[PDB]
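What follows is a set of notes on a single structure, which appears directly below.
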Amino acid sequence: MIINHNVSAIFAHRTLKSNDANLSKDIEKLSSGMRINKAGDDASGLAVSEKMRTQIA
Amino acid sequence: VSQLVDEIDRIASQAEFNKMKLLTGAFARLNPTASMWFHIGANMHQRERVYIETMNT
């Protein structure tokens, strides 16, 4: 086995970072209660909600 | 009666959802300015038409 490179560990951490990223995006929604808290989740959905909040207030 | 008839016209022009007028006859069947379609599928031609008739005095 090649000992100067650990490709199998590379795949393990690369997937670990992606799963760690999506986990953080779910703590926000549970701690806040709103599906969209930052831009990027849904640009159109955030815009429509604010215009609705204009009518509500 | 003049007060009541006035309110109905006021409601028709001011019935608005997401900056779209509904009860003024915009989405009628015979001569509509806009046709409302809802996306209830994940494919190309999954569309069903919606009609809101004129409801002014």
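Counting only helical runs of four or more DSSP H residues, what would the 222 nm mean residue ellipticity of chain A come to if each run contributes -39,500 (n - 2.57) and the total is spread over all its residues?
That calculation yields -24000 deg cm²/dmol at 222 nm.
If one takes the longest principal axis of the Cα atoms in chain B, at what angle in degrees, from 0 to 90 and to the nearest 10, does the Cα axis of helix B:2-14 lie?
20
In the stretch B:39-57, whose amide N lies under 19 Å from the spot 7 Å out along Cα-to-Cβ of B:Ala15? List them in ranges.
B:49-57
Could you work out [θ]222 nm for chain B from helices alone, using -39500 (n - 2.57) per DSSP H run of at least four and dividing by all its residues? Round to the nearest 500 deg cm²/dmol.
Calculated mean residue ellipticity at 222 nm is -7000 deg cm²/dmol.
Could you work out how far apart the two model spin labels at B:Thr57 and B:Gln3 are, taking each label as a point 7 Å from the Cα in the direction of the beta carbon, and quote it in nm?
Rounded to a tenth, the inter-label distance reads 1.4 nm.
Of all trypsin sites (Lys or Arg not before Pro) in the stretch B:1-46, which ones are in loop regions per DSSP and have a Cβ with at most 13 other Cβ atoms within 10 Å?
B:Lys19, B:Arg29
Once both labels are modelled 7 Å past Cα along the beta-carbon direction, what's the A:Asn37-A:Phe11 spacing in nm?
3.4
Step through the residues of the stretch A:19-36 one at a time and calculate ³J(HN,Hα) from phi using the Karplus curve (6.51 cos²θ - 1.76 cosθ + 1.60, θ = phi - 60°), rounding each to whole Hz and writing x for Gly and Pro.
With coefficients 6.51, -1.76 and 1.60, one gets 5, 5, 5, 5, 5, 5, 6, 9, 5, 4, 5, 6, 6, 9, x, 10, 5, 10 Hz.
When only alpha-carbon atoms count, how far does the protein assembly as shown stretch along each of its three principal axes, as whole angstroms with the largest first?
91, 37, 16
Can you pull the three principal axis extents for the Cα set of chain B, in Å, largest first?
If we take the Cα atoms of chain B, the spans are 51, 24, 14 Å.
I want to check the label-to-label distance for A:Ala47 and B:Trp37. Put each point 7 Å from Cα in the C-beta direction and report it in nm to one decimal.
Going by the 7 Å Cα→Cβ label model, 2.1 nm.
Summarise the long-distance tail of P(r) for chain A by giving the % of C-alpha pairs beyond 17 Å.
60
Quote the relative contact order of chain B in percent (integer), defining contacts as alpha-carbon pairs under 8 Å separated by 6+ residues.
35
Check which residues have an amide H placed less than 5 Å from B:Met36's amide H, if you skip close sequence neighbours.
Amide H neighbours of B:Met36: B:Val50.
Ideal geometry is used to build each Cβ from the backbone, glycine not excepted, and the neighbour counts take in all protein chains shown. Each value in this text was obtained by applying a stated rule to the coordinates, not by laboratory testing.
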